[PDB]
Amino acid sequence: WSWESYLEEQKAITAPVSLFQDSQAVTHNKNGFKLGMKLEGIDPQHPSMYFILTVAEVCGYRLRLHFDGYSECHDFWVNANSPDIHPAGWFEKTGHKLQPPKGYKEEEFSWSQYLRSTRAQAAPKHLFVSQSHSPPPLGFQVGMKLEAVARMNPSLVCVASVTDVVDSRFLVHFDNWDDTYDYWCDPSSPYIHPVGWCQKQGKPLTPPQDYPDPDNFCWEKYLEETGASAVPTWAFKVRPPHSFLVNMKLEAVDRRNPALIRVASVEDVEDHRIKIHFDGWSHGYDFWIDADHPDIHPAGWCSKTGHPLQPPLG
């Protein structure tokens, strides 16, 4: 099974490499991670928290991460060029807090001792794209407020704060709302707006949870109450809409079993998101995803990275 013949057969076209951020397209970097190596990384489900992680599996340019001491049903995949993982000792040097592996207390964890008691190695520093050596995102500092879209199913534009900054990105948090809604962005995200955007758009702004007298939430009053400043307008450099067109083919990670990447097709589009359909499967599986999501790639990504591509259901 090659893409050449599948295109010839379906009389289809692939989404050009130029439509992808090149972190989604780069295939020539070597994956240096090895089974057993230990490191630090955020919990996808709680992006504001850091844990000790172990490389559970290596496949192509990807790897499965395991929360030391916890159940294997929490393992998740990332690409080797993921900005959400860091080398051992990162949190300490960056002043971040670490959630100790199951069984330890924050006051009894030292990499030195830990590696020795587990007879393991820390993944070398030269594998991580993110280890705080980069220039912070311009104009976005911890404590600043803004309006951002929360994937609350359905989505809402809520009052939010920058609660963490790492290298070139920041973490958006929704005031007094559940932690799990946080997400890392950069200044060009299409989901963030400056304080006051909603009012100027004539849209409803969702105030903090249980904020007294929600109906009359007032940004100026709130910034006064918190002493927080608003992310300055100039800092927002929203990116242009993507140019993926319907029917273009590409490769996407199966979110029913992320260990697998299938042949995919653009089913529909919006300004910043595309709808994935896995060739040969029901449409019940279609799903929307941001155009810059790290789990979609140009055709041939698997082959070039040594990862198995699942052909359309035959």
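Residue positions are given as counts along the sequence shown, with the first one as 1.
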property	result
Between 74 to 82 and 126 to 134 (mean CA B-factor, as deposited), the higher	126 to 134
Selected stretch [higher average CA B-factor]: 203 to 211 or 226 to 234	203 to 211
Residue with maximal Cα B-factor (values as given in the PDB entry) among 273, 249, 64, 256	256
Residue with highest C-alpha B-factor in the PDB entry, from 174, 184, 217, 90	217
Third of the chain, ranked by Cα B-factor, where residue 10 sits	highest
CA B-factor ranking of residue 282, expressed as a third of its chain	highest
Relative C-alpha B-factor of residue 111, binned into the chain's lowest, middle or highest third	highest
Chain third (lowest, middle, highest) by recorded CA B-factor, residue given as residue 169	middle
Residue 241 CA temperature factor, ranked by third within the chain	lowest
